[PDB]
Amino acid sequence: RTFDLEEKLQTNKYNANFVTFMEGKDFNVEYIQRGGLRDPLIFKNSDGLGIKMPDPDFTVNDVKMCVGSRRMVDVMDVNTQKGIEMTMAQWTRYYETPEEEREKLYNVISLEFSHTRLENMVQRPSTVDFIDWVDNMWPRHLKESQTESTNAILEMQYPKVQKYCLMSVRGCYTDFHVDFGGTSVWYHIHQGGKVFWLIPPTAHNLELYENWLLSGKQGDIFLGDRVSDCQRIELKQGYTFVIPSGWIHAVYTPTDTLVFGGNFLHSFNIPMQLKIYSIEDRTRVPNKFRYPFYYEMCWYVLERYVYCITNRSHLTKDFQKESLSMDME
């Protein structure tokens, strides 16, 4: 890192006000229809959101037992922002190691825990369930068939990006990025807190972001200082944060924290979702860091819209029969 991260946390120059403060009961489908989910949202309490979370004192070791001690987990080396791997037992040992005895800074932001015992302990906001493409567009018998709790692509039967557990030690930093496929993201601070820097997806900012990705000078440049307006905001314990498609953001962890969150595509911000996918294409993002089965999903979206509006199906007879069997349950 060729810049000083502590001055970015202290300065008052990231003074934009992009985030709308909202009540949970107002975050409904009508709200999505009216606004297109274009504004970052903070819900200071969870009332009316329909979320559920684990035991308040749930530990990383409890996560381990849910997902499997020998499960391989993707870990971020904070200093290089490169990916490494270790088992969940090893990660847990790291998280439980005293700060002084940890010779490296590591972050877990990508533990997707669907199809484990943890999955039923976390419920997403109700409104996300109404609009998420995975739940509403992907063939249901395929999604229900998923047995693999890892994100092994050859076993993956649908885009397995719904429910992630993030485990971050004091001092972790995730550099500026846009979430894969232009997904929107919800984030619940179960324990601890986070600091986000937010940059809006204007044409100019997206151009800068893409050039920054292509430049090979990313550890060298703090993107928040290259743009006209950037908001630094702190998320406290119990907050729920929603980030729209395309938003360029970086995240710092001021204390040991446990977060639950997830990604979703939806039908009301498609142009930006496609814009982000094309940036990934041009900057040669490896497949593993992308939204699985993105264009497949897009095809299923078109089919669902034609079917729900016109009652004309473009699925194969076998997929139609699988769907009717689901309907008879």
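Numbering starts at 1 and follows the sequence shown.
- Higher mean CA temperature factor between 263 to 271 and 284 to 292: 284 to 292, per the PDB entry.
- The mean Cα B-factor in the deposited entry runs higher for 231 to 239 than for the other of 106 to 114 and 231 to 239.
- Annotation for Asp225, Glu210, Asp132, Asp175: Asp225 ranks highest, by Cα B-factor.
- Per the PDB record, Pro98 has a higher Cα B-factor than any other of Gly181, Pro200, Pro98, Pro244.
- Sorting the modelled residues of the chain by their CA temperature factor places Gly193 in the middle third.
- Ranked by Cα temperature factor within the chain, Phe43 sits in the middle third according to the deposited record.
- Annotation for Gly35: C-alpha temperature factor in the middle third relative to the rest of the modelled chain, per the entry.
- Looking at the C-alpha B-factors along this chain, the one for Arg124 belongs to the middle third.
- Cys165: CA B factor in the lowest third of modelled residues in this chain (values from the PDB entry).
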